[PDB]
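Just one chain is shown here, as C-alpha cells, and it is the form deposited in one PDB entry.
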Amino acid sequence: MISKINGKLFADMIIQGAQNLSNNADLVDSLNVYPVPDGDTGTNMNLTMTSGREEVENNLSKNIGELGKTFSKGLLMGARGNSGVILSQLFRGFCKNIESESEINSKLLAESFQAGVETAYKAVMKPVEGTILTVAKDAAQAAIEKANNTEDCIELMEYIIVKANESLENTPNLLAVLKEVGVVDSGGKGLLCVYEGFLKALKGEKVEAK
C-alpha cells in the first residue's frame, strides 16, 4: 500500500499519466465533436501534458510541493486548446494546494483534486456540463468521500477511476451532441487516461510506450 506520495512518486504519476495519454491520443482525437468537431482533443491534451512531463523529468525532487511547481509551470506554458488549458488549470490548482508539502497522504490527494476542480471552473467563463469539468468534479467528490476512510492511495485512486469512468459514461446525458453523435466527451476521456497512468505509477508499474 501507499500511505504517502513523495515528489518522485508524484513525478512517476505524471510520467506514466503522460505516457498513457500519449498512447490514447488518437483515440481521444477520434471522439472530439464538441465545441467544434475538429478531431484534436487528444493531440492538444498530449502536447500540454508532455510539456509538464518534460519539465518534471529534467527537474526531479524528493519534495512533492517543489515537483508540483515544476509540473504546473510546464503545463501552463505549453497549454494547447480548450482541453489543454483546462487540464493545465486543474493541475495548477492541484499543485498549488500542496506547494509547501514534502509528501501527501490520501486525504490531501483528494483535497488537491478538489482544489483543481475549483481552479478550472473559475478559469472557464462559461462552463458547460458533460465535459472534462464534470468528470473532474465527480472524480474529486468521490476522492473526498473515499479518502475519509481509505489510507491506501492505490485503493483511493482505483475508486476515483471507477467514479470518473461512471461520470464519463454519463456525459452524453448532459451534452446533447455527445448523445446524438454517439460518443463520450473527449476531454473527459483524456483526463481518464491521465488518471489511469497515475494508478499504474502508484502500483510501481510502467505504461508500455506505443
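For clarity, a rigid core is taken as the largest C-alpha set superposing within 1.5 Å between two forms. The numbering used is simple: start at 1 and walk along the sequence shown.
FYI, the form deposited in another entry isn't displayed, but the following is about it.
After superposition on the rigid core, the C-alpha displacement between the shown form and the other one reaches 2 Å or more for just one residue among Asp38, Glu145, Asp152, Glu166, namely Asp38. Once you line up the core between the shown form and the other one, the Cα of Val124 ends up 2 Å or more from where it was. Expansion of the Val181-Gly39 CA spacing by 3 Å or more is recorded in that other deposited form, set against this form. Compared with the form shown, the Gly39-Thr48 C-alpha separation decreases in that other deposited form, the change being 3 Å or greater.
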